[PDB]
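The block underneath contains the structure these notes are about, expressed in structure tokens.
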4 protein chains.
Amino acid sequence: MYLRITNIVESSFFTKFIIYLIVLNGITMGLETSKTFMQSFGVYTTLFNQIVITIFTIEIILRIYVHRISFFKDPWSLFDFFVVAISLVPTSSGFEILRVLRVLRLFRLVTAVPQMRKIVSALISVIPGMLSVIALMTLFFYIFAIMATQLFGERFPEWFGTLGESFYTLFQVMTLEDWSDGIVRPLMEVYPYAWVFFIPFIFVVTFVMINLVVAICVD
Amino acid sequence: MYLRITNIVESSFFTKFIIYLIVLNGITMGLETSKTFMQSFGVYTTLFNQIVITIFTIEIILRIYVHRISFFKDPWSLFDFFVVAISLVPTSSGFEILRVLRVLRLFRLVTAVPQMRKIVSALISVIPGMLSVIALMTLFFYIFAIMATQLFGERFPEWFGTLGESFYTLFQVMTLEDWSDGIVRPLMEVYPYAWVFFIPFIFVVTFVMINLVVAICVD
Amino acid sequence: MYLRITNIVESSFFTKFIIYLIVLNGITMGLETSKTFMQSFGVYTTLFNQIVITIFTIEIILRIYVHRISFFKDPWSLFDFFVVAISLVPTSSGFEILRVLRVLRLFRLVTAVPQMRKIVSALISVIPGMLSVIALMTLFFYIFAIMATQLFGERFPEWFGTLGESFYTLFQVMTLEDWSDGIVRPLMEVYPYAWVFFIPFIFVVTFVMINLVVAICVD
Amino acid sequence: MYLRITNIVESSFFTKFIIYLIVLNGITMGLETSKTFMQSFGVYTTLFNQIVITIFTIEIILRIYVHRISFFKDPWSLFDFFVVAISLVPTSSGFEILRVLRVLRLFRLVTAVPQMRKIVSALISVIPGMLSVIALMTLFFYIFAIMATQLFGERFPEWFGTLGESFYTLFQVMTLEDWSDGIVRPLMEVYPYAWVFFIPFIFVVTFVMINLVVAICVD
Ligand SMILES: [Ca+2]
Ligand SMILES: [Ca+2]
């Protein structure tokens, strides 16, 4: 019976049937946004959802027989397994993010279509050649985040009171959003020289990011 | 008579005449901005406008005989067709953007001057090699927009109350404008962990956009 | 006497002397900023300043005898002429920006030092390959500035009331600065669909700009 | 005994022992952020710190015998030297940034690890090819800052009242942060034409900055 199911699974019909449910469930999930819609057709769509969730567990089960160990060493399959498993955890208990994380399944449209898969893989492949820069940065961030907390967190605890807060703030200085009027001009009312900490920080981090982009435009 | 008019249409004089009218009518449309000007020469210009509109329908009619089906397979001609058609709908009824859409005819300067066509065509040609990325993103936006509507739209309906609202907001976070002080620092006064949603969103979206630019700098 | 002066003008000592005054007069102009300094040594400075202006007119006079027509066909010499002429208009009357425009003579350090000249020239040379795009953009801006003036300038005259105002506003949207919370969200309180005008504008303008950067990386 | 120590110094154990202490001391400095932690285990960590500081001076001393003059011509060692010297200045007196500058020793992880050095060196090497541009900009900034101080610093002394103030403000305009709603729309309520100063400044400075990135993408 193995080859029987193995010919169903591997079939064009199967794959295209799954893709058909994804685009359907995805449309159905945008509709579950509308409180209007739900007051009318919410029963339809909760059951339709549980239906699709079964079909997807059935499918993921079949795919496991047909591939065995080959399956749990496939990134894309691992993804599908995990994303479906989230949708299995009862509509209750723990947190409610698990109810919301259900929408992550629409990423199956990426997993189950090679043109998407191509593009995604193309992107992700660029990551390993950045890890040296990324690591450099995280150290830099870590250092300055600590310095900031002990330079400004007493008078300015909203922003620098805690290591985490300094991280968040320093990230935001890095996107350059409201960094001057929102943060450094205020800081400078109390610490005239705070500009000596932030202008350099801005240069370094912006420099590094120019390099990282140009790095990727070599490979 | 076909070849008679075909020699008129194809003539350098004909084209340079049309181009001459565009620049004038374009100049005349920036004058129609001034309430001062309109109170003194408003009629001078409205008739000058109706004049140019006929001349352009006459031309488009002529250009059609000379080209027949070849015409409605030319992007640039199709454009001029649709744009002049807009200017034909009576100055009234329906919506009044149609009165405003009239200034789209100054894009005829692009269509009728070859150096412009080059650059426009240069630009547009870059789009197809972006479609797989652009599609990737749209799915991504779609998924996150839904996640935000159901995570922040009850307490924060201005910004996330509706699927489209979340779309607009997520775009603004992507342009990085007032994303922290405007949206996320606020959100975190109620949802301490909103940063776990928006930092990843900013990374992914910024990365993808760096790749797309680098992609273009390969092709 | 010609060759006598021609050997003085073309001398290393001459050039280095001029470069000396520039770096000196430039330091002088930053000190002229301090309200303190001026009460104390302001007179010292104004005479030293007029002295320098003489020397510079003498030089430019000499430089012309030694080059004649060749001089008024040199970009860099023309600049030096045009800048020194400005510093010649009495510190009185007309517009007083002329008193301010004087500091433009510190650009002579770019003109008199070759390494600078190289870099400037390197930059300027990139301009001609952008002119088709820069023209394209201006037309785009012109057309949209007009659409905006007649679409929002009645309720929003601060931002769109005039062709120029719309220009300025549209530029600011292009730098993406406070474009959503500062302008478009406001607009949308009255014109729910103003988003259909600004998102496309932002896409088009940012696309074009990515291309121009990549266009340069090609050339 | 020279070769005896030279074998200890050059030992993989020695170098890995140092890297081991850096990662601990770094972990320990993030815990020193928490006021809670300090009330409990603060005395633990002050000693642990002074311990490591001794060890690091011992190492730096040992490393000097083994390398002599070669050591004070090595960037990375010089650094290591200077960063520990800061950490030696008593926990008192002068300024107390010296207490804060102690966190710069975590940059020793960049020094002590070759994978990092590589990446850092890759970056720094790009600097020399930028100095002609950087010099140009600084001149440009200097000139404009002076032009701004004497154009807007009387009415707008918060932002342009001083040479330094103008510098900071001009920098902020250059990052394009809050530049229109925050600076130039205000300025223009009093100086209608202030736009004539800042739009060109934005163009020039953003142009140059595009080139600089592109320059690094050809080197
Ligand atoms: Ca902003
Ligand atoms: Ca604000």
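Chain identifiers are assigned as A, B, and so on, following the order in which chains appear in the structure tokens; residues are numbered from 1 within each chain, and ligands are numbered from 1 in order of appearance.
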Test item: chain D residues at most 10 Å from chain C, counting only C-alpha atoms, as a ChimeraX atom specification: /D:132-133,135-136,139-140,142-151,153,161-163,176-182,185,195,199,202,207-208,210-215,217-218
Export, as a short mmCIF file (atom, residue, chain, number, x, y, z; two decimals), in the first residue's frame, the selected residues with C-alpha atoms.
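Final output, out16.cif:
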data_model
loop_
_atom_site.label_atom_id
_atom_site.label_comp_id
_atom_site.auth_asym_id
_atom_site.auth_seq_id
_atom_site.Cartn_x
_atom_site.Cartn_y
_atom_site.Cartn_z
CA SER D 132 38.46 63.01 0.02
CA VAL D 133 34.67 62.88 0.15
CA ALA D 135 36.93 66.25 3.76
CA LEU D 136 34.68 67.81 1.12
CA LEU D 139 34.17 71.89 4.49
CA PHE D 140 30.65 72.07 3.11
CA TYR D 142 31.44 74.22 8.05
CA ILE D 143 30.42 76.78 5.40
CA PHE D 144 26.68 76.13 5.74
CA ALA D 145 26.72 76.02 9.52
CA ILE D 146 28.28 79.50 9.45
CA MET D 147 25.76 80.68 6.86
CA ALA D 148 22.96 79.33 9.07
CA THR D 149 24.30 80.88 12.29
CA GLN D 150 24.27 84.31 10.79
CA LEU D 151 20.98 83.73 8.97
CA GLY D 153 20.50 82.17 15.01
CA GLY D 161 22.47 80.31 17.72
CA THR D 162 25.97 78.97 17.85
CA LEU D 163 28.45 77.35 15.39
CA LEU D 176 16.41 63.97 7.26
CA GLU D 177 14.85 63.56 10.79
CA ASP D 178 11.99 65.93 11.53
CA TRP D 179 13.64 68.37 9.07
CA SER D 180 10.47 69.93 7.49
CA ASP D 181 7.78 69.98 10.21
CA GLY D 182 10.39 70.33 12.88
CA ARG D 185 8.28 74.98 8.15
CA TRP D 195 13.54 76.73 1.77
CA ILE D 199 16.48 72.08 -0.22
CA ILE D 202 19.55 68.31 1.26
CA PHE D 207 23.82 63.22 -3.57
CA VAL D 208 27.30 63.06 -2.10
CA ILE D 210 24.85 58.24 -2.57
CA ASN D 211 28.14 58.57 -4.38
CA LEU D 212 30.16 57.64 -1.29
CA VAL D 213 28.18 54.38 -0.93
CA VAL D 214 28.60 53.71 -4.67
CA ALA D 215 32.35 54.49 -4.37
CA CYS D 217 30.75 49.57 -4.22
CA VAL D 218 33.52 49.82 -6.80
#
Write out as a ChimeraX atom specification each polymer residue whose atoms come within 9 Å of residue B:187, counting only C-alpha atoms; drop sequence neighbours fewer than 4 positions from it. /B:152,155-156,183,191-195
Save out the residues we just selected, N, CA and C atoms, as a tab-separated table (two decimals), in the first residue's frame.
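Generated output (part.tsv):
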chain	number	residue	atom	x	y	z
B	152	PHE	N	-4.22	43.97	18.01
B	152	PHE	CA	-4.22	45.35	18.54
B	152	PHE	C	-5.41	46.21	18.14
B	155	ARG	N	-8.09	47.68	21.25
B	155	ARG	CA	-7.61	48.83	22.03
B	155	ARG	C	-7.08	49.90	21.11
B	156	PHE	N	-6.63	49.54	19.92
B	156	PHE	CA	-6.01	50.50	19.02
B	156	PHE	C	-6.66	50.54	17.64
B	183	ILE	N	3.88	54.65	17.20
B	183	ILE	CA	3.03	53.48	17.19
B	183	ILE	C	3.43	52.43	18.25
B	191	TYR	N	0.47	46.49	25.66
B	191	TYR	CA	0.98	45.20	25.25
B	191	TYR	C	2.50	45.33	25.34
B	192	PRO	N	3.06	45.00	26.52
B	192	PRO	CA	4.50	45.15	26.74
B	192	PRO	C	5.34	44.49	25.65
B	193	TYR	N	4.85	43.36	25.12
B	193	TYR	CA	5.58	42.61	24.08
B	193	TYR	C	5.29	42.95	22.61
B	194	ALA	N	4.59	44.01	22.31
B	194	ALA	CA	4.38	44.40	20.92
B	194	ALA	C	5.73	44.51	20.16
B	195	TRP	N	6.83	44.73	20.87
B	195	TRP	CA	8.14	44.85	20.21
B	195	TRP	C	8.59	43.54	19.54
Can you list every residue in chain D that DSSP puts in helix (DSSP H, G or I), as number ranges by chain? D: 2-9, 12-31, 35-73, 75-86, 97-112, 114-124, 128-152, 157-160, 163-174, 180-188, 194-215
Between atom CA of residue D:46 and atom CA of residue A:138, what is the distance, to one decimal in Å? 25.1 Å
Quick check, in Å to one decimal: how far apart do atom CA of residue A:79 and atom CA of residue A:112 lie? 10.9 Å
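Close contacts of stretch 2-6 of chain B, defined as residues with an atom at most 8 Å away when counting only C-alpha atoms, with chain neighbours fewer than 6 positions off set aside, comprise residues 62, 65 and 66 of chain B.
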Just want the 10 Å neighbourhood of residue C:21, counted on only C-alpha atoms, with same-chain residues fewer than 4 positions away dropped. Output as a PyMOL selection string. chain C and resi 16-17+25-28+52+55-56+109
Those same residues, written as a PDB file, in the first residue's frame with N, CA, C and O atoms?
ATOM      1  N   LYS C  16      50.457  78.489  -2.944  1.00  0.00           N
ATOM      2  CA  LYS C  16      50.491  78.127  -1.534  1.00  0.00           C
ATOM      3  C   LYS C  16      50.132  79.312  -0.659  1.00  0.00           C
ATOM      4  O   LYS C  16      49.477  79.152   0.368  1.00  0.00           O
ATOM      5  N   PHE C  17      50.527  80.507  -1.078  1.00  0.00           N
ATOM      6  CA  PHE C  17      50.172  81.716  -0.330  1.00  0.00           C
ATOM      7  C   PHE C  17      48.660  81.896  -0.281  1.00  0.00           C
ATOM      8  O   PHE C  17      48.108  82.153   0.781  1.00  0.00           O
ATOM      9  N   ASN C  25      41.567  82.961   6.602  1.00  0.00           N
ATOM     10  CA  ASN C  25      40.325  83.711   6.499  1.00  0.00           C
ATOM     11  C   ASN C  25      39.131  82.827   6.858  1.00  0.00           C
ATOM     12  O   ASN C  25      38.136  83.298   7.391  1.00  0.00           O
ATOM     13  N   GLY C  26      39.245  81.538   6.601  1.00  0.00           N
ATOM     14  CA  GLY C  26      38.185  80.620   6.935  1.00  0.00           C
ATOM     15  C   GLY C  26      38.077  80.437   8.439  1.00  0.00           C
ATOM     16  O   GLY C  26      36.989  80.371   8.978  1.00  0.00           O
ATOM     17  N   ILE C  27      39.211  80.344   9.119  1.00  0.00           N
ATOM     18  CA  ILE C  27      39.214  80.246  10.569  1.00  0.00           C
ATOM     19  C   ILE C  27      38.658  81.535  11.124  1.00  0.00           C
ATOM     20  O   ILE C  27      37.913  81.526  12.105  1.00  0.00           O
ATOM     21  N   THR C  28      39.026  82.643  10.489  1.00  0.00           N
ATOM     22  CA  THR C  28      38.536  83.965  10.883  1.00  0.00           C
ATOM     23  C   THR C  28      37.010  84.066  10.857  1.00  0.00           C
ATOM     24  O   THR C  28      36.423  84.627  11.771  1.00  0.00           O
ATOM     25  N   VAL C  52      42.269  90.816   2.850  1.00  0.00           N
ATOM     26  CA  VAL C  52      42.180  89.568   2.107  1.00  0.00           C
ATOM     27  C   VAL C  52      41.406  89.752   0.804  1.00  0.00           C
ATOM     28  O   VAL C  52      41.778  89.195  -0.231  1.00  0.00           O
ATOM     29  N   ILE C  55      43.777  91.557  -1.840  1.00  0.00           N
ATOM     30  CA  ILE C  55      44.687  90.507  -2.277  1.00  0.00           C
ATOM     31  C   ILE C  55      43.999  89.584  -3.289  1.00  0.00           C
ATOM     32  O   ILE C  55      44.551  89.292  -4.331  1.00  0.00           O
ATOM     33  N   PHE C  56      42.784  89.163  -2.993  1.00  0.00           N
ATOM     34  CA  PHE C  56      42.073  88.240  -3.874  1.00  0.00           C
ATOM     35  C   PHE C  56      41.645  88.885  -5.211  1.00  0.00           C
ATOM     36  O   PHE C  56      41.500  88.197  -6.239  1.00  0.00           O
ATOM     37  N   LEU C 109      39.071  76.900  -1.321  1.00  0.00           N
ATOM     38  CA  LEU C 109      39.890  75.779  -0.881  1.00  0.00           C
ATOM     39  C   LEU C 109      39.647  74.521  -1.762  1.00  0.00           C
ATOM     40  O   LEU C 109      40.490  73.686  -1.889  1.00  0.00           O
TER      41      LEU C 109
END
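Every protein or nucleic acid residue with an atom no more than 12 Å from residue D:54, counting only C-alpha atoms and leaving out same-chain residues fewer than 4 positions away, appears here: residues 21, 47, 48, 49, 50, 58, 59, 60, 61, 84, 85, 87 and 88 of chain D.
Our summary of the geometry notes that atom CA of residue B:18 is positioned 9.3 Å from atom CA of residue B:108.
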